[PDB]
Structures are given as C-alpha cells and as structure tokens.
Amino acid sequence: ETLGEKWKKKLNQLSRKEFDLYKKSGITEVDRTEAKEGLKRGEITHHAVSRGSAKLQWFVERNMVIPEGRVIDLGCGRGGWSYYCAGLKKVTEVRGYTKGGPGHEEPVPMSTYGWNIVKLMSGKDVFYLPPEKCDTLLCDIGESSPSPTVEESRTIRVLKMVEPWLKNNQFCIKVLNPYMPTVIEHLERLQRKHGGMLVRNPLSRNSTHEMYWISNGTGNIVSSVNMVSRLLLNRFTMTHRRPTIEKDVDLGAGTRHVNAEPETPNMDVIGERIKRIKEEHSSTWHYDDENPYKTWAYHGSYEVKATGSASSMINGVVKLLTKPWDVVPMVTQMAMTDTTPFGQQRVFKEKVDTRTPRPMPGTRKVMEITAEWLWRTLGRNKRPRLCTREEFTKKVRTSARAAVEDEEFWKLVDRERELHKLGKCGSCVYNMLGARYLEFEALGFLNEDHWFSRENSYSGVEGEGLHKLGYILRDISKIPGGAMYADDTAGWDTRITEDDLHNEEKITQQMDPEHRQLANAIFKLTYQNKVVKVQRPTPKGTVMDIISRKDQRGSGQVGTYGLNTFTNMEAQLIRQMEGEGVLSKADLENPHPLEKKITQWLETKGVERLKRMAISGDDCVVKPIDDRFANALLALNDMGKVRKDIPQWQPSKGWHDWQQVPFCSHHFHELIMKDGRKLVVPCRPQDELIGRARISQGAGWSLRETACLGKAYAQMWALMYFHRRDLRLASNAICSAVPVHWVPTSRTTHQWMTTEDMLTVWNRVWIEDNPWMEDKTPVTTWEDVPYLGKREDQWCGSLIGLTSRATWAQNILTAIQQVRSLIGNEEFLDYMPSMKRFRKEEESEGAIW
Ligand SMILES: Nc1ncnc2c1ncn2[C@@H]1O[C@H](CSCC[C@H](N)C(=O)O)[C@@H](O)[C@H]1O
Ligand SMILES: [Zn+2]
Ligand SMILES: [Zn+2]
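Residues numbered from 1 in each chain as written, not as in the entry; some residues may be left out. Chains lettered and ligands numbered in written order. Heavy atoms only, no water. Residues with missing side-chain atoms left out of burial classes, pairs and counts.

This entry, as listed in the PDB, derives from X-ray crystallography and reports a resolution of 3.600 Å.

Structure below.
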C-alpha cells in the first residue's frame, strides 16, 4: 500500500466540518471577494473568471512554463488559464476547449487585455479531438473522487489523451492522482519521452493531491510525489493554520496587437548609460532570451541579491488601539503590499507594461495648439528660471542629508551637467540622486515659484491645502452650468503619449539660451528617453534587467506633479470643446483643421473654462456649461486618457451636489457648528485612514519611531478628520498612550507636525487663517468642535452603534494603560477628558466617591 492511499483514507474519515477547515489549512489562496462581486455585477474588465488564472500565474513567473505561439487550453472551463496567457509576450494565439453543458462550466466572455486572440469553444470533448499544431499545450482536466481507484482510471485516460499533443513544446498538464502505482509508470514513461518534472502548486487545496507536470524542469518523480503526500499528512496535525492570502491577478482590458506591440528605442541617447552599467557589472552580464518585456526595450541582465518584502511592517501602537478593525478585510488588504522581485514583475505586467495608441493627426494638432496657448497664459507674469544649489540644499536639510555636504558629489554633477550641455546623458538612471538635482536645476522653478497656483493657473490647486479644497469645490458649484464631473484616469503616468511629452517641451521657448539648452536636455535625455532598473526572479536566482521606453511618465521625478497638472488641464479643455460642439469627429480625423475656430474659442471663452475646473495631477473636477460634456468621449479616448472602471464609450455620471464629488481621494462635507457658523471638512472612507495608519513605511523601526509615527497620524485626525466620532476618539487615545514630549516624525512637515496644543492649532487653521470664516470668534473647547451626522458618519464607514466599537470606546482606558506599560516610566497626559463623555464621567464619578 502506497503513502498516498493512506492519505485518502484519512481524508474520507473527516467530517464535513473537519473537511472544510483542513481544505484551506495552511494553503495559499487569492482574495476573490472583489472579483466575484464584479463578475456578479457584470464587470467585463480587469477581472479573472476563476482562481485558475493566479493558479497558472505561479508557474509562469517561476519559468516552469513559458507559453509560446498557439496555446491550446484543454478544459478551459471558465477560461481562467486562457485569459491569463493572452496577456503574455510570446503568445500569438489562444484556443480553448471545454465540454460544457449541464454539470460543466461554460466559457465566460471577457474584454480583458488580449481577449481578441482568445478563442473559447464549448461542446468540445477533448478525448475525441484530433491533435492540432501548437507550441503550447495546457490541460486542467480531472475530476476528484472518494475512491482512489476511480481517480486512477481518470488520470491514466487523460495522460493517454494529452500524449499526442506534446511535440517538443511547452506544456502544463494537471495530474489528478499521481500517488497511484500504475499512474507513476505512465508518468515515468512520459518523462523519458517528453522530459519535464512534476510540481505541486501551493495554491492547490489540501483536499486534493493534484500535481502539475510542467515542461521546464527536472528531478525524480517518485520522490517528489511522496514529499507532497508527507506534507498533506503533516497538515492533518495542524489545521487552524490561517491560509496565506495574496492579491488576485489584474488581466487589464483592451485589445492586443502583437505586431505593433514591441518597442523601437533610440540608442545614441541612452547607449552611454547602458554601456556604463554593462561595464560595471561585466562579471555576470548576460542576455536573457525569455524576458517578459513587451512594450519596453530589453537590453540585458545581471545577477543581484533579493530586495524587498512580501508583507509590510505593522504599526503596533495603533493596532493595539484599533482592535475592532482587526476583523475588517479592507484594513488588512492595505498591508498586503508585495515588494519582492516576484511582486515587482507582477506589478510591472499588470499596469506598467502597456502601450497607448498613437493619437489621430487631428487630435495631435489640437493638443499642440492648446499647449502653446496654455503655456503663454501660464507665463503671462512669471518668467522661467534656473534653480540654485542653495535652494536644493535648504529643502534637503528640511544618507541623503549628508550627501549634500560632500563636495565630491557636486563635482560629479558638473561632469554630468556638461554632458547634458553637449546633448549627452551618462548617469541618469531611474529605480523602481544626481539626476534629480539636474532636473530641479532646470524645471524646479515650476514648484518653487508656484506656477500652478490657482491665482496664476486658474484651475490648479497647488499650495492651497487639503482643508481648503472643499471650499474651492463649493465655489465651483455656484457657477451656473451642468453637473460636476470627476473622472479618474486608470494609470495616468502610463498613458502619456510621445505627443504629450513634446507639448510639455514647449515651455523651453520662454527660457534663456543657457537655461533652454539645459532644459531641452532634461526633456530629451531623461524624459523622452529613460533607463529604468527592475528586479526579476530567475531559476538561477535574482537578476536586474535594464529596460527603456520613449514615452509614458516616470513616477519618481521632479516635474511629475507639474507636467501632469498641465497636460490634464489641456485634456479637459479639449473635451469641453467636443462637448460644446467646437471639435467634431471629422476634425479629429482631419490632419488639416482650421485653427481659427479653436483659437477664437481659447481667446474668448478659454479663461472662464479654466475657472470651472479644479485639477491636481491626474485627479480633476470639471463643471461644464452643460451636460453634453458627459457624452464627449471621442477625444478623451483618442488622447489615450481612458477612464477607470467604466466602458470606453459609456457617458460619465456627474453630481449636482459638491459634497458627493470625489477629488484627491476625498469627498467633502458642510457641517454647522453650535454657534451657527459653517465649516467645510475633508472626508473619506474610514477604513482607508485607519488602513494607512496601521502601516509603517520601511521596516526595523523601534518602538519610539513607531510611536512618533502614530502621533503624527493621530494629530492629523484631530486636525482634519475631527468630525469623525471614531477617529477623534482614537486620536485622543493615541495621544494619551504616546508621551507628550516625544516629537512626531515622519515623511512630512504639514500643519500637524508640531508639539503645540492641537486645540490652539485648530483655531488657527479653521478660524484664524480661514478666508471663508468671517466670524473670528475662537473655539474654547473640543466639545464645541462639531461632528458629522450619525447617519452621515456611519455611511462613511463609522462603527458607532456596533457592540465591538461600544465595548472598545468604553474600555479604551485599558488599552491606553497597556501601551504606557510597554513604553516605561515617562510623562504622559490624559486626552480623554477632551470630549464630553469622560468629562461628565469625571465631574460626576469623581465628585461622588
Ligand atoms: N471530457 C471533457 N472534455 C472537455 N472539457 C472537459 C471534459 N471533462 C471535463 N471538462 C471541463 O474541464 C474543466 C476543468 S476545471 C477548468 C478550470 C480552468 N483551468 C479555469 O481556470 O477556469 C471543467 O470546466 C469541465 O467542464
Ligand atoms: Zn544624465
Ligand atoms: Zn464623508
């Protein structure tokens, strides 16, 4: 009797209760909550039809199987494997086959990225199908059964059927019952003939002993099978082991054309940079032929060491205080950020590795026209200038702070600067410093002189602040016209065309020859051409790939916020023209459109249209003259700026209430104080704020560093989200647990980064320095500081009314004392009497006994 047979007997003895717990015991699975809800509501993009997609992902990213050419998916079912293979590089065609009908899953039509090459066919029994020419053979067919003898026959029948399909090509077939003796005989027979290796997938549940025969690998079958049996028999002991949860795969959307997909880069610009990297790492420099890069130019690779973590460090301070939110899924999801080399490749493929189609000649014309009009308007007063070393140093001080004191660092800059003056680049490489200074030296004037301030840009909101954004949107709502629209763009930086960059290049026309020659270098050598390093796992280890592309946008740049704000202002303007009827479908296709009607529209109506918008980076809020703006989608899509989570040809939905308008990941409320005065406060789903608070940027932070981080978020809540009952209570709880004298430190210098009394700060922010507050009468206590409506608060994710929150908020005194005990004998202060409940529980309970 084999080892596998002993496992089956134990599996059958388990009750239905014991079976369900052991099934997902210690395994790995993906969060299908958002996916299943989406498919239920009829969402056709970004989603995977089943868990098979991520199940097949585990093999590909480890190079166990590399799907090439025609891909045949025997037993596609829902089509989990097919839609995933569609988004792969070396795949040219995907064909699916499933029996379907009653009792069997039917193929689910999707519009994910690469759907156009996917061909799913129902009513196909693979056992009666003659083999076809394919460079990749996939099979996930196998039905489990309590009797191992039954699984034995079902496994062998599949093996005999998938055999003629394998002709020195990539493959990945599912083996239902690998532990049966007669099955192994066939496996060993097929191993000597087609090679490969049998591998167990961690995403497979413990209820099945299924293993997958991959093409790329080697090893002993008999040993590997028994190791799986020993594992499943070992997991019988420990059952309550929580399954490792991972993020599901984003299959994106849109059609895929393999012919016009690859990248044709320029070399004489970036070649010097590549050469220096190659010579530095000439020890292990090589060219990986199986690179997954599609729309990016692959140059080479070299061996490195692993960098990054699968999970993020949890701020223990706030976690001990936000106990009721330990059961909330949304809060947990925000700490599941994967930064491992495996994750870097997963993130790259799903969002970074895409190509935006070249805009129509007519559209390219209007974009150029509006750009020159916009730059001339932005520079009506301010003149472009060169930033200084003194400015750079001052902002750095307010390691990295030690690198500026090193004189050798500044001389390296000069050597790189003179190259830029010669139209050459050598050391400017982006990662997933000296280059950043050179950009600041040229384009830093946009932020320092505040080019995108509302006083100068009419639409921009740079330097205003979060607490003033709400008042801005309220003023916009007063402007007559249609509803307020606010569409978010899916991956803005990945949708910047080459035409968009050339329009941003026109700013150099207002610069001095010595400034212009340096600025054009930054645009041409660092923006319109760039080299990025990115980690990638290989069967030999971790390597660093060198890629390049001549468009899109670098996330970590100096002019990231600026240029995105500029182009977005341009993008929304064109859409209004389409809405008003200025630009027609013919005009966008016409390479020679009359600029008379466009210029006249900009010279006359152009100013007011800018006053109807509030734009910050990719986020934008537009209140057009009418609701024709909603159906204006021809130009917005042709520019490559496709909206997120919505069909490309579906009219946008606007709001006539400014309180429901989303902007900068926030909505705003207008509440009424006890004195009758009105305030406009920022707001967002409560699970997000707590989710951000329970994470800690970086790892290996001491208790003090985590406590100082906690106090920062705490005072942030007390200043911005005071209107929330749960957050204000948590804020005072943290401040009570965190030592008073300890200075809050984190990656900021906002208005909550001080040691002053927050009450006095609140009066300075919302009363003193508030231009929308005519009555400067100060507020003497937090009890006069208004909350949201209980109905309003609960809808925003509050937990008020629940037993868990009720138990917490009243037993908060214990958790605070617990934190204080861990810190030690230091000086604290009770922030709980700041609110009414504990103040009445101190004037009563205190005076009684
Ligand atoms: N004889 C047969 N011929 C073709 N398909 C069959 C078959 N017997 C079963 N199937 C199909 O095989 C599929 C196995 S489940 C497929 C899951 C797939 N990998 C995904 O990720 O969606 C079932 O959907 C079943 O309908
Ligand atoms: Zn350079
Ligand atoms: Zn709200």
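Picking up where we left off.
A short note on the sheet that holds strand 7 (residues 197-199)
The condition is simple: A strand pair is defined by DSSP finding two or more bridges across the two strands. Numbering of helices and strands runs from the N terminus; a helix is a DSSP stretch of H or I covering at least four residues, while a strand is a stretch of E covering at least two. Orientation is described by axes fitted as lines to C-alpha atoms, over the contacting stretch for helices, and by angles from 0 to 180 degrees between their N-to-C directions. By definition, residues are in contact when any of their heavy atoms lie within 4.5 Å.
Spatial ordering of the open sheet is given by 4-3-2-5-6-8-7, a layout of seven strands whose pairing is mixed. Every interior strand has two partners, whereas the edge strands, strand 4 (118-122) and strand 7, have only one. Averaged over all neighbouring strand pairs, the angle between strand axes comes to 20 degrees, with direction disregarded. Note that strand 3 (residues 91-98) and strand 4 share five bridges and pair parallel. Across the sheet, residue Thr-98 finds its bridge partner in strand 4, namely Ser-122. Packing against the sheet, helix 6 (residues 148-162) makes contact with strand 2 (69-74), strand 5 (136-139) and strand 6 (170-175), and its axis sits at approximately 165 degrees to strand 6.

Observations regarding the coordination of the zinc ion (ligand 3)
Each donor-metal-donor angle in an ideal tetrahedron of four donors is 109.5 degrees, and each such angle in an ideal octahedron of six donors is either 90 or 180 degrees. Here is the rule we go by: Distances up to 2.8 Å from the metal define which N, O and S atoms are donors, and 3.2 Å serves for Na, K and Ca; water is absent from the atom set, so sites may look incomplete. Irregular is the label for any site that misses the other tests, which are tetrahedral for four donors with all angles between 85 and 135 degrees, and square planar for four donors or octahedral for six when opposite donors exceed 155 degrees and the remaining angles lie between 65 and 115. Accessibility here uses a 1.4 Å probe with only protein chains present; expressed as a share of the type maximum, an area under 20% marks a residue as buried, one over 50% as exposed, and anything in between as partly exposed.
Protein coordination of the zinc ion (ligand 3) is provided by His-667 (NE2), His-669 (NE2), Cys-683 (SG) and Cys-796 (SG), with donor distances spanning 2.0 to 2.4 Å. Given four donor atoms and angles of 86 to 117 degrees at the metal, the environment of the zinc ion (ligand 3) is assigned as tetrahedral. For the zinc ion (ligand 3), the donor residues sit on a single chain with the sequence spacing H-x1-H-x13-C-x112-C. Residue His-667 is classed as buried on the basis of its relative accessible area, which comes to 18%. For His-669, a relative accessible area of 12% gives the class buried.

Some thoughts on the pairing of strand 16 (residues 667-672)
Here strand 16 pairs with strand 17 (residues 678-683) via six bridges, running antiparallel. Counted as the bridge partner of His-669 is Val-681 from strand 17. Hairpin connection from strand 16 to strand 17: five residues lie between these consecutive antiparallel strands, with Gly-676 at a positive phi of about 105 degrees.

Quick word on helix 32 (residues 803-810)
Spelled out, the test is: When we speak of the arc, we mean the arc of directions from the helix axis to the C-beta atoms.
By the burial criterion, the buried members of helix 32 are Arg-805, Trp-808 and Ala-809. The arc enclosing the buried residues of helix 32, seen along the axis, measures out at 90 degrees, which places them on a common side. Turned more than 90 degrees from where helix 32 packs its buried face, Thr-803 and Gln-810 sit exposed. Taken together, the buried residues of helix 32 touch helix 29 (725-737), helix 33 (812-823) and helix 34 (836-843).

Some words on unusual backbone geometry
In terms of backbone geometry, most residues other than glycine have negative phi values and most peptide bonds are trans. One non-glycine residue, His-46, adopts positive backbone phi at about 65 degrees. As for its placement among the helices and strands, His-46 is situated in the loop between helix 3 (33-41) and helix 4 (52-60). With phi around 55 degrees, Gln-552 is a residue other than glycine that occupies positive phi space. Position of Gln-552 relative to the elements: it lies in the loop between strand 13 (541-549) and helix 22 (560-580).

A closer look at the coordination of the zinc ion (ligand 2)
Here the zinc ion (ligand 2) is held by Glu-416 (OE), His-420 (NE2), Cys-425 (SG) and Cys-428 (SG), and the distances to it run 2.1 to 2.4 Å. Seen from the zinc ion (ligand 2), its four donor atoms lie at angles of 96 to 120 degrees, and the figure they make is tetrahedral. Coordination of the zinc ion (ligand 2) draws on donor residues from a single chain, spaced E-x3-H-x4-C-x2-C in sequence. Each of the two residues, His-420 as well as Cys-428, counts as buried.

A short note on the site of ligand 1
Spelled out, the test is: Neighbouring residues are identified by heavy atoms, a residue being near a molecule or strand if any of them is within 4 Å of it. N or O atoms closer than or at 3.5 Å make up a polar contact, with two conditions inside protein: a donor-capable atom paired with an acceptor-capable one, and, for residues adjacent in sequence, both atoms drawn from side chains. Accessible areas in this description were obtained via Shrake-Rupley with a 1.4 Å probe; residue shielding takes into account the shown protein chains only. Residue classes follow a fixed rule: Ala, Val, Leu, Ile, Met, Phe, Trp, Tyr, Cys and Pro count as nonpolar, while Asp, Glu, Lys and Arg count as charged, and any other residue, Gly among them, counts as polar.
Around ligand 1, the surrounding shell holds 19 residues, and the nearest of these are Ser-50, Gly-80, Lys-99, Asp-125 and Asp-140. Residue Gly-79 places a main-chain N or O atom 3.5 Å away from an oxygen atom belonging to ligand 1. Here a nitrogen atom of ligand 1 and a side-chain polar atom of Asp-125 are 2.7 Å apart. Look at ligand 1: alone it shows 590 Å² of surface, and the protein chains cover 83% of it. Taken together, the residues of the shell around ligand 1 break down into five nonpolar, eight polar and six charged.

Description of the packing of helix 13 (residues 361-378) against helix 24 (residues 596-604)
Our working rule: Relative orientations are named as follows: roughly parallel for angles under 35 degrees, roughly antiparallel for angles over 145 degrees, roughly perpendicular for angles from 65 to 115 degrees, and oblique for any other angle. In this scheme, a crossing is called left-handed if the near helix is turned counterclockwise away from the far one by less than a right angle; it is called right-handed if the turn is clockwise.
Look at helix 13 against helix 24: their axes get within 11 Å of each other, and the N-to-C directions meet at 30 degrees. The orientation of helix 13 relative to helix 24 falls into the category roughly parallel. Helix 13 and helix 24 meet at a crossing whose hand is right-handed. Residues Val-366, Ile-369, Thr-370, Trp-373 and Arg-376 of helix 13 form the contact with helix 24, whose participating residues are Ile-598, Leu-602 and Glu-603. Partitioned by chemical class, the residues of the contact of helix 13 with helix 24 number five nonpolar, one polar and two charged.

A word on helix 9 (residues 271-280)
Those residues of helix 9 not exposed but buried are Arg-273, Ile-274 and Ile-277. Down the axis of helix 9, the buried set is contained in an arc of 95 degrees. They therefore lie on one face. Its buried side turned inward, helix 9 meets strand 10 (297-304), helix 21 (513-527), strand 12 (530-538) and strand 13.

Comments concerning the packing of aromatic side chains
Stated precisely, the cut-off is as follows: Planes of paired rings set the category: under 30 degrees apart is stacked, over 60 is edge-to-face and the rest tilted, where pairs are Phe, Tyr or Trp rings (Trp by its six-membered ring) whose centres lie within 6.5 Å.
On inspection of all chains with the given rule, the structure shows 23 aromatic pairs. The interplanar angle of 50 degrees and the centroid separation of 5.5 Å between the aromatic rings of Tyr-485 and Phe-629 together place this pair among those described as tilted. Of this pair, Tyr-485 sits in the loop between helix 19 (466-477) and helix 20 (498-504) while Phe-629 sits in the loop between strand 15 (619-622) and helix 26 (634-638), and the two are 144 residues apart along the sequence. Judged on exposure class, the residue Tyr-485 and its partner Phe-629 are both buried. What links up through ring pairs into an aromatic cluster is the set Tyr-287, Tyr-293, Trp-296, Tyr-298 and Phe-348.

Points about the domain arrangement of the chain
Bring the parts together and some accessible area is lost; that lost area is often taken as the interface size. Quick reminder of the rule: The domain limits used here are those given by an automatic or database domain assignment. Accessible surface is computed with a 1.4 Å probe, and the buried area is the amount of it that two parts give up when combined, taken over both parts together. By salt bridge we mean one thing: a side-chain nitrogen of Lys or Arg within 4 Å of a carboxyl oxygen of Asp or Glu.
Taken domain by domain, the chain holds domain 1 (1-258), domain 2 (259-306 + 399-450 + 497-550), domain 3 (451-496 + 551-651) and domain 4 (652-849). In this complex, domain 1 contributes ten residues to the contact, which on the side of domain 2 involves twelve residues. Both faces combined, the contact of domain 1 with domain 2 buries some 880 Å², and carbon together with sulfur accounts for 37% of it. On the domain 1 side of the interface with domain 2, the three residues burying the most area are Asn-63, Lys-89 and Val-258, jointly 53% of the side's total. Taken together, domain 1 and domain 2 are joined by one salt bridge.

Here we look at the sheet that holds strand 12
Judged by pairing direction, the sheet is mixed, and its four strands sit side by side in the order 10-13-12-11 without closing on themselves. Since the sheet does not close on itself, it has two edges, and those belong to strand 10 and strand 11 (430-431), each with one partner. Note that strand 10 and strand 13 share seven bridges and pair antiparallel. Looking at strand 13, one finds that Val-304 is bridged to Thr-542. Along the sheet, helix 12 (residues 341-352) makes contact with strand 12 and strand 13, crossing strand 12 at roughly 125 degrees.

Considerations on a nonpolar patch on the surface
Note the following rule: Patch members must show over 30% relative accessible area and no salt bridge, and they are joined within 9 Å when carrying like charges or within 5 Å when they are nonpolar side chains of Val, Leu, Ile, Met, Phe, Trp or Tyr.
A contiguous nonpolar surface patch, about 270 Å² in accessible area, is contributed by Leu-320, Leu-703 and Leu-822. As for its position among the elements, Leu-703 is in helix 28 (residues 703-720).

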